[PDB]
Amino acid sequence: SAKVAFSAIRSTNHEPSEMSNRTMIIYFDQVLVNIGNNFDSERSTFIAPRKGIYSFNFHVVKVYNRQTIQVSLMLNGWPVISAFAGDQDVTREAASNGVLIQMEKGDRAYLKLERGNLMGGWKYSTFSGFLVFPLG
C-alpha cells in the first residue's frame, strides 16, 4: 500500500487542554482524511507505516493573545522546520511552513508549540501530510 495520507483541522475556539500545557503538542480535533489510519487523532501524531519520502504542511492560526508563538514540525523529538506568528488585533495570522522529509517505519511526526501559548484557541489551523513515494 503506497497510498498514505492524512488531514486534520482545528475547528473550534476551545482552549488548550491541561495535557497541551504539559506536552506542548498542538492537537487537531477534526480529521478530514486518514488513509491507512496512520494518524493518531488522540495524540495528533503521524506514525509512518513504511520507509519513504513524506510531505507535510501545517498552518497554525492564532488570535490576539498578547503573545507571539513559534511552531515546529517534529520528527522523533527533533525539530525539522519552524514557523512564527506575531501579535496584533487587526487580524488572525498563521505560522505556516512545509517540507519533504525521509521517514522510517515507526517515525513520529507532529507539531510542537516551541514558544508562546494558544489562548483564544487555534481555530482554522490545519495539519496534513502524505507519502510521496516509498523507499527500499
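Numbers for residues come from their place in the sequence shown, where the first is 1.
Of the two stretches examined, 89-97 and 73-81, the record assigns the greater average C-alpha temperature factor to 89-97.
When 101-109 is weighed against 53-61, 101-109 comes out higher, by mean CA B-factor as recorded in the entry. Among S17, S128, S125, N117, the highest C-alpha B-factor recorded in the PDB entry belongs to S17.
Compared with the other modelled residues of the chain, the Cα B-factor recorded for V132 ranks in the middle third. Sort the modelled residues of the chain by CA B factor and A48 lands in the highest third. Split the chain's modelled residues into thirds by C-alpha temperature factor. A2 is in the highest one.
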